[PDB]
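Trainee: Have a peek at structure-v6.pdb (PDB, N, CA and C atoms).
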ATOM      1  N   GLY J   1     159.321  78.358  71.633
ATOM      2  CA  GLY J   1     158.996  77.612  70.431
ATOM      3  C   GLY J   1     160.038  77.782  69.343
ATOM      4  N   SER J   2     159.737  77.275  68.152
ATOM      5  CA  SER J   2     160.659  77.370  67.026
ATOM      6  C   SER J   2     159.919  77.760  65.750
ATOM      7  N   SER J   3     160.679  78.089  64.709
ATOM      8  CA  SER J   3     160.097  78.484  63.433
ATOM      9  C   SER J   3     160.855  77.850  62.270
ATOM     10  N   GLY J   4     160.211  76.899  61.601
ATOM     11  CA  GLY J   4     160.838  76.227  60.478
ATOM     12  C   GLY J   4     160.941  77.118  59.255
ATOM     13  N   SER J   5     161.451  76.561  58.161
ATOM     14  CA  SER J   5     161.608  77.313  56.922
ATOM     15  C   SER J   5     161.537  76.388  55.711
ATOM     16  N   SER J   6     161.579  76.977  54.520
ATOM     17  CA  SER J   6     161.516  76.207  53.283
ATOM     18  C   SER J   6     162.853  76.248  52.549
ATOM     19  N   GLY J   7     163.058  75.290  51.651
ATOM     20  CA  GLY J   7     164.295  75.234  50.896
ATOM     21  C   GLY J   7     164.107  75.634  49.445
ATOM     22  N   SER J   8     165.185  75.563  48.670
ATOM     23  CA  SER J   8     165.135  75.927  47.259
ATOM     24  C   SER J   8     164.464  74.832  46.438
ATOM     25  N   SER J   9     164.353  75.061  45.133
ATOM     26  CA  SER J   9     163.728  74.095  44.238
ATOM     27  C   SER J   9     164.432  74.075  42.884
ATOM     28  N   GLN J  10     164.834  72.883  42.452
ATOM     29  CA  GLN J  10     165.520  72.727  41.175
ATOM     30  C   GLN J  10     164.519  72.606  40.031
ATOM     31  N   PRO J  11     164.924  73.071  38.839
ATOM     32  CA  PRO J  11     164.077  73.027  37.643
ATOM     33  C   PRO J  11     163.873  71.605  37.130
ATOM     34  N   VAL J  12     162.767  71.388  36.425
ATOM     35  CA  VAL J  12     162.456  70.073  35.877
ATOM     36  C   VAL J  12     163.634  69.514  35.088
ATOM     37  N   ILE J  13     163.668  68.193  34.943
ATOM     38  CA  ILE J  13     164.741  67.534  34.209
ATOM     39  C   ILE J  13     164.432  67.480  32.717
ATOM     40  N   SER J  14     165.432  67.798  31.900
ATOM     41  CA  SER J  14     165.268  67.788  30.451
ATOM     42  C   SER J  14     164.858  66.402  29.961
ATOM     43  N   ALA J  15     163.780  66.351  29.185
ATOM     44  CA  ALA J  15     163.284  65.089  28.649
ATOM     45  C   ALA J  15     164.435  64.174  28.245
ATOM     46  N   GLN J  16     165.512  64.772  27.747
ATOM     47  CA  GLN J  16     166.680  64.009  27.321
ATOM     48  C   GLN J  16     166.993  62.895  28.314
ATOM     49  N   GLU J  17     167.245  63.274  29.563
ATOM     50  CA  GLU J  17     167.559  62.306  30.606
ATOM     51  C   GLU J  17     166.334  62.018  31.469
ATOM     52  N   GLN J  18     165.539  63.053  31.723
ATOM     53  CA  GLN J  18     164.336  62.911  32.535
ATOM     54  C   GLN J  18     163.581  61.637  32.171
ATOM     55  N   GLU J  19     163.207  61.519  30.901
ATOM     56  CA  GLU J  19     162.477  60.350  30.426
ATOM     57  C   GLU J  19     163.157  59.062  30.883
ATOM     58  N   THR J  20     164.427  58.908  30.520
ATOM     59  CA  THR J  20     165.189  57.722  30.891
ATOM     60  C   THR J  20     165.010  57.393  32.369
ATOM     61  N   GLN J  21     165.059  58.421  33.210
ATOM     62  CA  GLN J  21     164.902  58.239  34.648
ATOM     63  C   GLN J  21     163.487  57.781  34.987
ATOM     64  N   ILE J  22     162.507  58.333  34.281
ATOM     65  CA  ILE J  22     161.111  57.981  34.507
ATOM     66  C   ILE J  22     160.860  56.507  34.207
ATOM     67  N   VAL J  23     161.250  56.077  33.010
ATOM     68  CA  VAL J  23     161.071  54.690  32.600
ATOM     69  C   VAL J  23     161.863  53.745  33.498
ATOM     70  N   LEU J  24     163.075  54.154  33.855
ATOM     71  CA  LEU J  24     163.933  53.344  34.712
ATOM     72  C   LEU J  24     163.336  53.208  36.109
ATOM     73  N   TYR J  25     163.133  54.341  36.772
ATOM     74  CA  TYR J  25     162.568  54.348  38.117
ATOM     75  C   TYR J  25     161.491  53.277  38.261
ATOM     76  N   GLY J  26     160.540  53.275  37.333
ATOM     77  CA  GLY J  26     159.466  52.299  37.373
ATOM     78  C   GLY J  26     159.980  50.876  37.464
ATOM     79  N   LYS J  27     161.016  50.571  36.689
ATOM     80  CA  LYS J  27     161.602  49.236  36.686
ATOM     81  C   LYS J  27     162.161  48.883  38.060
ATOM     82  N   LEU J  28     162.879  49.824  38.662
ATOM     83  CA  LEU J  28     163.467  49.612  39.980
ATOM     84  C   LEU J  28     162.390  49.309  41.015
ATOM     85  N   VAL J  29     161.388  50.179  41.092
ATOM     86  CA  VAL J  29     160.293  50.003  42.038
ATOM     87  C   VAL J  29     159.746  48.581  41.985
ATOM     88  N   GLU J  30     159.508  48.089  40.774
ATOM     89  CA  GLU J  30     158.984  46.741  40.587
ATOM     90  C   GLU J  30     159.902  45.705  41.229
ATOM     91  N   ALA J  31     161.201  45.838  40.979
ATOM     92  CA  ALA J  31     162.183  44.917  41.534
ATOM     93  C   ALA J  31     162.165  44.945  43.058
ATOM     94  N   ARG J  32     162.289  46.141  43.624
ATOM     95  CA  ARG J  32     162.288  46.305  45.072
ATOM     96  C   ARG J  32     161.136  45.532  45.706
ATOM     97  N   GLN J  33     159.954  45.648  45.111
ATOM     98  CA  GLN J  33     158.772  44.961  45.619
ATOM     99  C   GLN J  33     158.990  43.452  45.647
ATOM    100  N   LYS J  34     159.043  42.844  44.467
ATOM    101  CA  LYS J  34     159.247  41.406  44.355
ATOM    102  C   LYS J  34     160.377  40.944  45.270
ATOM    103  N   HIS J  35     161.308  41.848  45.554
ATOM    104  CA  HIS J  35     162.440  41.533  46.420
ATOM    105  C   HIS J  35     162.076  41.738  47.887
ATOM    106  N   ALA J  36     161.204  42.708  48.145
ATOM    107  CA  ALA J  36     160.772  43.004  49.506
ATOM    108  C   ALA J  36     160.144  41.780  50.162
ATOM    109  N   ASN J  37     159.201  41.158  49.462
ATOM    110  CA  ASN J  37     158.522  39.975  49.978
ATOM    111  C   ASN J  37     159.511  38.837  50.212
ATOM    112  N   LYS J  38     160.396  38.622  49.244
ATOM    113  CA  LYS J  38     161.398  37.567  49.344
ATOM    114  C   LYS J  38     162.101  37.611  50.697
ATOM    115  N   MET J  39     162.611  38.785  51.056
ATOM    116  CA  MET J  39     163.305  38.959  52.327
ATOM    117  C   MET J  39     162.312  39.070  53.479
ATOM    118  N   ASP J  40     161.027  39.118  53.143
ATOM    119  CA  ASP J  40     159.977  39.224  54.150
ATOM    120  C   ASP J  40     160.024  40.582  54.842
ATOM    121  N   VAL J  41     160.290  41.627  54.066
ATOM    122  CA  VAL J  41     160.363  42.980  54.605
ATOM    123  C   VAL J  41     159.471  43.933  53.818
ATOM    124  N   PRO J  42     158.836  44.876  54.532
ATOM    125  CA  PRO J  42     157.945  45.866  53.920
ATOM    126  C   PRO J  42     158.567  46.527  52.696
ATOM    127  N   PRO J  43     157.753  46.717  51.646
ATOM    128  CA  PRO J  43     158.202  47.341  50.399
ATOM    129  C   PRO J  43     158.981  48.629  50.642
ATOM    130  N   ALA J  44     158.749  49.247  51.795
ATOM    131  CA  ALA J  44     159.431  50.485  52.149
ATOM    132  C   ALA J  44     160.715  50.202  52.921
ATOM    133  N   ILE J  45     160.685  49.166  53.752
ATOM    134  CA  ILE J  45     161.847  48.791  54.549
ATOM    135  C   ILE J  45     163.043  48.473  53.658
ATOM    136  N   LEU J  46     162.816  47.643  52.645
ATOM    137  CA  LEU J  46     163.875  47.260  51.718
ATOM    138  C   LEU J  46     164.622  48.487  51.206
ATOM    139  N   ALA J  47     163.904  49.363  50.511
ATOM    140  CA  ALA J  47     164.498  50.580  49.971
ATOM    141  C   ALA J  47     163.460  51.691  49.852
ATOM    142  N   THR J  48     163.747  52.831  50.475
ATOM    143  CA  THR J  48     162.838  53.970  50.441
ATOM    144  C   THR J  48     162.947  54.721  49.119
ATOM    145  N   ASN J  49     161.871  55.402  48.740
ATOM    146  CA  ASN J  49     161.847  56.163  47.496
ATOM    147  C   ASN J  49     163.118  56.992  47.340
ATOM    148  N   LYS J  50     163.590  57.554  48.448
ATOM    149  CA  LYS J  50     164.799  58.370  48.437
ATOM    150  C   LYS J  50     165.949  57.630  47.761
ATOM    151  N   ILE J  51     166.114  56.358  48.110
ATOM    152  CA  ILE J  51     167.175  55.541  47.535
ATOM    153  C   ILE J  51     166.912  55.256  46.060
ATOM    154  N   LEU J  52     165.712  54.770  45.761
ATOM    155  CA  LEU J  52     165.332  54.457  44.389
ATOM    156  C   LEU J  52     165.578  55.651  43.471
ATOM    157  N   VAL J  53     165.107  56.820  43.892
ATOM    158  CA  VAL J  53     165.278  58.040  43.110
ATOM    159  C   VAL J  53     166.741  58.255  42.741
ATOM    160  N   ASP J  54     167.609  58.236  43.747
ATOM    161  CA  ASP J  54     169.037  58.428  43.529
ATOM    162  C   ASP J  54     169.573  57.419  42.517
ATOM    163  N   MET J  55     169.266  56.145  42.740
ATOM    164  CA  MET J  55     169.716  55.084  41.848
ATOM    165  C   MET J  55     169.257  55.345  40.416
ATOM    166  N   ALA J  56     168.057  55.898  40.277
ATOM    167  CA  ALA J  56     167.503  56.200  38.962
ATOM    168  C   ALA J  56     168.192  57.410  38.341
ATOM    169  N   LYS J  57     168.854  58.202  39.179
ATOM    170  CA  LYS J  57     169.556  59.392  38.713
ATOM    171  C   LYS J  57     170.998  59.061  38.339
ATOM    172  N   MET J  58     171.727  58.467  39.278
ATOM    173  CA  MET J  58     173.117  58.096  39.046
ATOM    174  C   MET J  58     173.210  56.862  38.154
ATOM    175  N   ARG J  59     172.179  56.023  38.204
ATOM    176  CA  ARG J  59     172.146  54.806  37.402
ATOM    177  C   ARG J  59     173.385  53.953  37.654
ATOM    178  N   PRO J  60     173.628  53.627  38.933
ATOM    179  CA  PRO J  60     174.780  52.814  39.337
ATOM    180  C   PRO J  60     174.649  51.362  38.888
ATOM    181  N   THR J  61     175.656  50.879  38.165
ATOM    182  CA  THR J  61     175.654  49.506  37.675
ATOM    183  C   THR J  61     176.458  48.592  38.592
ATOM    184  N   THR J  62     177.399  49.179  39.326
ATOM    185  CA  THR J  62     178.237  48.417  40.243
ATOM    186  C   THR J  62     177.859  48.694  41.693
ATOM    187  N   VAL J  63     177.832  47.642  42.504
ATOM    188  CA  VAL J  63     177.488  47.772  43.915
ATOM    189  C   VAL J  63     178.347  48.831  44.595
ATOM    190  N   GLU J  64     179.560  49.018  44.085
ATOM    191  CA  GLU J  64     180.480  50.002  44.644
ATOM    192  C   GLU J  64     179.868  51.399  44.613
ATOM    193  N   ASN J  65     179.355  51.788  43.449
ATOM    194  CA  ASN J  65     178.741  53.101  43.286
ATOM    195  C   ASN J  65     177.455  53.204  44.098
ATOM    196  N   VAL J  66     176.713  52.104  44.166
ATOM    197  CA  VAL J  66     175.461  52.070  44.913
ATOM    198  C   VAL J  66     175.682  52.447  46.374
ATOM    199  N   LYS J  67     176.698  51.849  46.986
ATOM    200  CA  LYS J  67     177.018  52.123  48.382
ATOM    201  C   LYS J  67     177.125  53.624  48.631
ATOM    202  N   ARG J  68     177.663  54.345  47.654
ATOM    203  CA  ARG J  68     177.822  55.790  47.768
ATOM    204  C   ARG J  68     176.463  56.483  47.827
ATOM    205  N   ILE J  69     175.444  55.820  47.292
ATOM    206  CA  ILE J  69     174.094  56.371  47.284
ATOM    207  C   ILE J  69     173.668  56.801  48.684
ATOM    208  N   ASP J  70     172.798  57.803  48.750
ATOM    209  CA  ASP J  70     172.308  58.307  50.028
ATOM    210  C   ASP J  70     171.209  57.406  50.582
ATOM    211  N   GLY J  71     171.261  57.149  51.885
ATOM    212  CA  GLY J  71     170.265  56.303  52.515
ATOM    213  C   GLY J  71     170.749  54.879  52.702
ATOM    214  N   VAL J  72     171.493  54.374  51.723
ATOM    215  CA  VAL J  72     172.019  53.016  51.785
ATOM    216  C   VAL J  72     173.175  52.918  52.773
ATOM    217  N   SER J  73     173.127  51.906  53.633
ATOM    218  CA  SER J  73     174.168  51.702  54.633
ATOM    219  C   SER J  73     175.204  50.695  54.140
ATOM    220  N   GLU J  74     176.460  50.915  54.516
ATOM    221  CA  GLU J  74     177.544  50.028  54.111
ATOM    222  C   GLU J  74     177.107  48.567  54.181
ATOM    223  N   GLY J  75     177.371  47.825  53.111
ATOM    224  CA  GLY J  75     176.997  46.423  53.069
ATOM    225  C   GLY J  75     175.596  46.212  52.531
ATOM    226  N   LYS J  76     174.614  46.816  53.191
ATOM    227  CA  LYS J  76     173.222  46.691  52.774
ATOM    228  C   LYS J  76     173.109  46.681  51.253
ATOM    229  N   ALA J  77     173.727  47.667  50.612
ATOM    230  CA  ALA J  77     173.698  47.769  49.158
ATOM    231  C   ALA J  77     173.688  46.388  48.510
ATOM    232  N   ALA J  78     174.595  45.524  48.955
ATOM    233  CA  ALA J  78     174.689  44.172  48.420
ATOM    234  C   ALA J  78     173.304  43.577  48.185
ATOM    235  N   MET J  79     172.578  43.335  49.271
ATOM    236  CA  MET J  79     171.237  42.767  49.182
ATOM    237  C   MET J  79     170.410  43.489  48.123
ATOM    238  N   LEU J  80     170.729  44.759  47.894
ATOM    239  CA  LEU J  80     170.015  45.561  46.906
ATOM    240  C   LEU J  80     170.620  45.380  45.518
ATOM    241  N   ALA J  81     171.182  44.201  45.272
ATOM    242  CA  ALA J  81     171.792  43.900  43.983
ATOM    243  C   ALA J  81     170.743  43.855  42.877
ATOM    244  N   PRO J  82     169.678  43.071  43.101
ATOM    245  CA  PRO J  82     168.586  42.923  42.135
ATOM    246  C   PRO J  82     168.093  44.266  41.606
ATOM    247  N   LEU J  83     168.339  45.323  42.371
ATOM    248  CA  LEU J  83     167.920  46.665  41.980
ATOM    249  C   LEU J  83     168.829  47.222  40.889
ATOM    250  N   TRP J  84     170.083  47.476  41.244
ATOM    251  CA  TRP J  84     171.053  48.010  40.294
ATOM    252  C   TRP J  84     171.251  47.053  39.124
ATOM    253  N   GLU J  85     171.085  45.760  39.387
ATOM    254  CA  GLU J  85     171.247  44.744  38.354
ATOM    255  C   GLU J  85     170.365  45.050  37.147
ATOM    256  N   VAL J  86     169.190  45.614  37.408
ATOM    257  CA  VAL J  86     168.253  45.957  36.345
ATOM    258  C   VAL J  86     168.723  47.185  35.574
ATOM    259  N   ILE J  87     169.385  48.098  36.275
ATOM    260  CA  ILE J  87     169.890  49.318  35.656
ATOM    261  C   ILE J  87     170.978  49.007  34.633
ATOM    262  N   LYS J  88     171.853  48.067  34.977
ATOM    263  CA  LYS J  88     172.940  47.673  34.089
ATOM    264  C   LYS J  88     172.397  47.141  32.767
ATOM    265  N   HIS J  89     171.299  46.396  32.840
ATOM    266  CA  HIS J  89     170.678  45.830  31.647
ATOM    267  C   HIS J  89     169.872  46.887  30.900
ATOM    268  N   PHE J  90     169.060  47.638  31.638
ATOM    269  CA  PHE J  90     168.234  48.683  31.045
ATOM    270  C   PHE J  90     169.075  49.614  30.178
ATOM    271  N   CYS J  91     170.263  49.956  30.665
ATOM    272  CA  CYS J  91     171.162  50.842  29.936
ATOM    273  C   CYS J  91     171.986  50.061  28.916
ATOM    274  N   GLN J  92     172.349  48.833  29.273
ATOM    275  CA  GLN J  92     173.139  47.984  28.389
ATOM    276  C   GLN J  92     172.365  47.649  27.119
ATOM    277  N   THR J  93     171.044  47.556  27.245
ATOM    278  CA  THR J  93     170.189  47.239  26.108
ATOM    279  C   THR J  93     169.761  48.504  25.373
ATOM    280  N   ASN J  94     169.935  49.649  26.025
ATOM    281  CA  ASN J  94     169.567  50.929  25.431
ATOM    282  C   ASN J  94     170.782  51.843  25.312
ATOM    283  N   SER J  95     171.969  51.261  25.452
ATOM    284  CA  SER J  95     173.209  52.024  25.364
ATOM    285  C   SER J  95     173.079  53.358  26.092
ATOM    286  N   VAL J  96     172.432  53.332  27.252
ATOM    287  CA  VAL J  96     172.240  54.538  28.048
ATOM    288  C   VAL J  96     173.422  54.775  28.981
ATOM    289  N   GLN J  97     173.768  56.043  29.180
ATOM    290  CA  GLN J  97     174.881  56.404  30.049
ATOM    291  C   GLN J  97     174.591  56.014  31.495
ATOM    292  N   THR J  98     175.642  55.676  32.234
ATOM    293  CA  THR J  98     175.501  55.282  33.631
ATOM    294  C   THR J  98     176.710  55.718  34.451
ATOM    295  N   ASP J  99     176.729  55.328  35.721
ATOM    296  CA  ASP J  99     177.830  55.677  36.611
ATOM    297  C   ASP J  99     178.249  57.130  36.412
ATOM    298  N   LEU J 100     177.272  58.031  36.434
ATOM    299  CA  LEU J 100     177.540  59.453  36.255
ATOM    300  C   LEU J 100     178.013  60.087  37.561
ATOM    301  N   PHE J 101     178.884  59.380  38.273
ATOM    302  CA  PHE J 101     179.415  59.873  39.539
ATOM    303  C   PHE J 101     180.580  60.829  39.304
ATOM    304  N   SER J 102     181.091  61.408  40.386
ATOM    305  CA  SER J 102     182.204  62.346  40.299
ATOM    306  C   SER J 102     183.535  61.629  40.507
ATOM    307  N   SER J 103     183.627  60.868  41.593
ATOM    308  CA  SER J 103     184.846  60.133  41.910
ATOM    309  C   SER J 103     184.753  58.691  41.420
ATOM    310  N   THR J 104     185.208  58.459  40.192
ATOM    311  CA  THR J 104     185.175  57.127  39.604
ATOM    312  C   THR J 104     186.524  56.430  39.747
ATOM    313  N   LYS J 105     186.587  55.177  39.310
ATOM    314  CA  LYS J 105     187.818  54.400  39.387
ATOM    315  C   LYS J 105     188.291  53.991  37.996
ATOM    316  N   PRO J 106     189.619  53.974  37.802
ATOM    317  CA  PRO J 106     190.227  53.600  36.522
ATOM    318  C   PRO J 106     190.065  52.116  36.214
ATOM    319  N   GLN J 107     190.671  51.674  35.117
ATOM    320  CA  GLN J 107     190.593  50.276  34.713
ATOM    321  C   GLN J 107     191.983  49.704  34.458
ATOM    322  N   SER J 108     192.634  49.248  35.524
ATOM    323  CA  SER J 108     193.973  48.680  35.416
ATOM    324  C   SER J 108     193.907  47.180  35.147
ATOM    325  N   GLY J 109     192.688  46.653  35.066
ATOM    326  CA  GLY J 109     192.509  45.234  34.812
ATOM    327  C   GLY J 109     193.025  44.373  35.947
ATOM    328  N   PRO J 110     192.208  44.221  37.000
ATOM    329  CA  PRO J 110     192.566  43.419  38.172
ATOM    330  C   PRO J 110     192.606  41.926  37.864
ATOM    331  N   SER J 111     192.982  41.130  38.860
ATOM    332  CA  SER J 111     193.063  39.685  38.694
ATOM    333  C   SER J 111     193.177  38.987  40.047
ATOM    334  N   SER J 112     192.133  38.253  40.417
ATOM    335  CA  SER J 112     192.113  37.539  41.688
ATOM    336  C   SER J 112     191.421  36.188  41.542
ATOM    337  N   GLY J 113     191.494  35.375  42.591
ATOM    338  CA  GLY J 113     190.871  34.065  42.560
ATOM    339  C   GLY J 113     191.392  33.202  41.428
TER     340      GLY J 113
END
Using structure tokens, write down the structure from this file.

Mentor:
Amino acid sequence: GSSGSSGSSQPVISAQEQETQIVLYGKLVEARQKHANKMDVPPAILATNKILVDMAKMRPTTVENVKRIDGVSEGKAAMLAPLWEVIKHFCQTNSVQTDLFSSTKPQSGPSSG
């Protein structure tokens, strides 16, 4: 047979950001749903809590950062646009910090099409 074990536990999040994540998370969940039916996929199939949670933490505004999220598979993120799309506005209207990733990209001002 085998014997499992338990892992560590992180301390609660400071209301400072915690709150923002709480209010945001709720917004995402709502979107995922209305979007789940559209694609004709179970509210869980579209995006699992694991994904939503991360998105609510990193608060990715660009699909690029979303892809980095855990659980999301390359490309899939795209379809999950309506999700992050809400984060960009939620923070844009509340001047809330976002894209709190480690490996970010500069702004050289691209030009295509």

Trainee: Skipping near chain neighbours, those fewer than 3 positions away, what residues fall within 6.5 Å of residue 83 of chain J using all atoms listed in the file, listed as a VMD selection string?

Mentor: chain J and resid 28 31 to 32 79 to 80 86 to 87

Trainee: Which residues are near residue 55 of chain J? Cut-off 8 Å, only N, CA and C atoms, ignore same chain within fewer than 3 positions. Put them as a ChimeraX atom specification.

Mentor: /J:21,24-25,49-52,58-60,66,69-70,83-84,87

Trainee: I need the residues in chain J that are helix (DSSP H, G or I) according to DSSP; give them as an NGL selection string.

Mentor: :J and (15-38 or 43-46 or 49-58 or 63-68 or 76-92)

Trainee: Tell me which residues the PyMOL selection byres (((chain J and resi 36 and name CA) around 12) and name CA) grabs here, as a PDB file with N, CA and C atoms, in the coordinates of the input.

Mentor:
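Once everything was written out, this is expr.pdb:
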ATOM      1  N   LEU J  28     162.879  49.824  38.662  1.00  0.00           N
ATOM      2  CA  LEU J  28     163.467  49.612  39.980  1.00  0.00           C
ATOM      3  C   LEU J  28     162.390  49.309  41.015  1.00  0.00           C
ATOM      4  N   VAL J  29     161.388  50.179  41.092  1.00  0.00           N
ATOM      5  CA  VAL J  29     160.293  50.003  42.038  1.00  0.00           C
ATOM      6  C   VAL J  29     159.746  48.581  41.985  1.00  0.00           C
ATOM      7  N   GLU J  30     159.508  48.089  40.774  1.00  0.00           N
ATOM      8  CA  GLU J  30     158.984  46.741  40.587  1.00  0.00           C
ATOM      9  C   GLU J  30     159.902  45.705  41.229  1.00  0.00           C
ATOM     10  N   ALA J  31     161.201  45.838  40.979  1.00  0.00           N
ATOM     11  CA  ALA J  31     162.183  44.917  41.534  1.00  0.00           C
ATOM     12  C   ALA J  31     162.165  44.945  43.058  1.00  0.00           C
ATOM     13  N   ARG J  32     162.289  46.141  43.624  1.00  0.00           N
ATOM     14  CA  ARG J  32     162.288  46.305  45.072  1.00  0.00           C
ATOM     15  C   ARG J  32     161.136  45.532  45.706  1.00  0.00           C
ATOM     16  N   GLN J  33     159.954  45.648  45.111  1.00  0.00           N
ATOM     17  CA  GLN J  33     158.772  44.961  45.619  1.00  0.00           C
ATOM     18  C   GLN J  33     158.990  43.452  45.647  1.00  0.00           C
ATOM     19  N   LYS J  34     159.043  42.844  44.467  1.00  0.00           N
ATOM     20  CA  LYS J  34     159.247  41.406  44.355  1.00  0.00           C
ATOM     21  C   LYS J  34     160.377  40.944  45.270  1.00  0.00           C
ATOM     22  N   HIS J  35     161.308  41.848  45.554  1.00  0.00           N
ATOM     23  CA  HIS J  35     162.440  41.533  46.420  1.00  0.00           C
ATOM     24  C   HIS J  35     162.076  41.738  47.887  1.00  0.00           C
ATOM     25  N   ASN J  37     159.201  41.158  49.462  1.00  0.00           N
ATOM     26  CA  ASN J  37     158.522  39.975  49.978  1.00  0.00           C
ATOM     27  C   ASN J  37     159.511  38.837  50.212  1.00  0.00           C
ATOM     28  N   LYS J  38     160.396  38.622  49.244  1.00  0.00           N
ATOM     29  CA  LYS J  38     161.398  37.567  49.344  1.00  0.00           C
ATOM     30  C   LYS J  38     162.101  37.611  50.697  1.00  0.00           C
ATOM     31  N   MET J  39     162.611  38.785  51.056  1.00  0.00           N
ATOM     32  CA  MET J  39     163.305  38.959  52.327  1.00  0.00           C
ATOM     33  C   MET J  39     162.312  39.070  53.479  1.00  0.00           C
ATOM     34  N   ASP J  40     161.027  39.118  53.143  1.00  0.00           N
ATOM     35  CA  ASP J  40     159.977  39.224  54.150  1.00  0.00           C
ATOM     36  C   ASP J  40     160.024  40.582  54.842  1.00  0.00           C
ATOM     37  N   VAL J  41     160.290  41.627  54.066  1.00  0.00           N
ATOM     38  CA  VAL J  41     160.363  42.980  54.605  1.00  0.00           C
ATOM     39  C   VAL J  41     159.471  43.933  53.818  1.00  0.00           C
ATOM     40  N   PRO J  42     158.836  44.876  54.532  1.00  0.00           N
ATOM     41  CA  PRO J  42     157.945  45.866  53.920  1.00  0.00           C
ATOM     42  C   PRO J  42     158.567  46.527  52.696  1.00  0.00           C
ATOM     43  N   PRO J  43     157.753  46.717  51.646  1.00  0.00           N
ATOM     44  CA  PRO J  43     158.202  47.341  50.399  1.00  0.00           C
ATOM     45  C   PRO J  43     158.981  48.629  50.642  1.00  0.00           C
ATOM     46  N   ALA J  44     158.749  49.247  51.795  1.00  0.00           N
ATOM     47  CA  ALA J  44     159.431  50.485  52.149  1.00  0.00           C
ATOM     48  C   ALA J  44     160.715  50.202  52.921  1.00  0.00           C
ATOM     49  N   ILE J  45     160.685  49.166  53.752  1.00  0.00           N
ATOM     50  CA  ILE J  45     161.847  48.791  54.549  1.00  0.00           C
ATOM     51  C   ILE J  45     163.043  48.473  53.658  1.00  0.00           C
ATOM     52  N   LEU J  46     162.816  47.643  52.645  1.00  0.00           N
ATOM     53  CA  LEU J  46     163.875  47.260  51.718  1.00  0.00           C
ATOM     54  C   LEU J  46     164.622  48.487  51.206  1.00  0.00           C
ATOM     55  N   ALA J  47     163.904  49.363  50.511  1.00  0.00           N
ATOM     56  CA  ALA J  47     164.498  50.580  49.971  1.00  0.00           C
ATOM     57  C   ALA J  47     163.460  51.691  49.852  1.00  0.00           C
ATOM     58  N   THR J  48     163.747  52.831  50.475  1.00  0.00           N
ATOM     59  CA  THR J  48     162.838  53.970  50.441  1.00  0.00           C
ATOM     60  C   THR J  48     162.947  54.721  49.119  1.00  0.00           C
ATOM     61  N   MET J  79     172.578  43.335  49.271  1.00  0.00           N
ATOM     62  CA  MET J  79     171.237  42.767  49.182  1.00  0.00           C
ATOM     63  C   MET J  79     170.410  43.489  48.123  1.00  0.00           C
ATOM     64  N   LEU J  80     170.729  44.759  47.894  1.00  0.00           N
ATOM     65  CA  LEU J  80     170.015  45.561  46.906  1.00  0.00           C
ATOM     66  C   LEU J  80     170.620  45.380  45.518  1.00  0.00           C
ATOM     67  N   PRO J  82     169.678  43.071  43.101  1.00  0.00           N
ATOM     68  CA  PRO J  82     168.586  42.923  42.135  1.00  0.00           C
ATOM     69  C   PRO J  82     168.093  44.266  41.606  1.00  0.00           C
ATOM     70  N   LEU J  83     168.339  45.323  42.371  1.00  0.00           N
ATOM     71  CA  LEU J  83     167.920  46.665  41.980  1.00  0.00           C
ATOM     72  C   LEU J  83     168.829  47.222  40.889  1.00  0.00           C
TER      73      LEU J  83
END

Trainee: Work out how far apart atom N of residue 88 of chain J and atom CA of residue 61 of chain J are and give it in Å to one decimal.

Mentor: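 These atoms are spaced 4.9 Å apart.
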
Trainee: Can you work out the spacing between atom CA of residue 18 of chain J and atom N of residue 5 of chain J in Å, to one decimal?

Mentor: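 Atom-to-atom, atom CA of residue 18 of chain J and atom N of residue 5 of chain J are spaced 29.2 Å apart.
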
Trainee: Let me make sure I understand: among J:113, J:11, J:106, J:26, which one has the smallest atom-to-atom distance to residue 56 of chain J if we use all atoms listed in the file?

Mentor: J:26
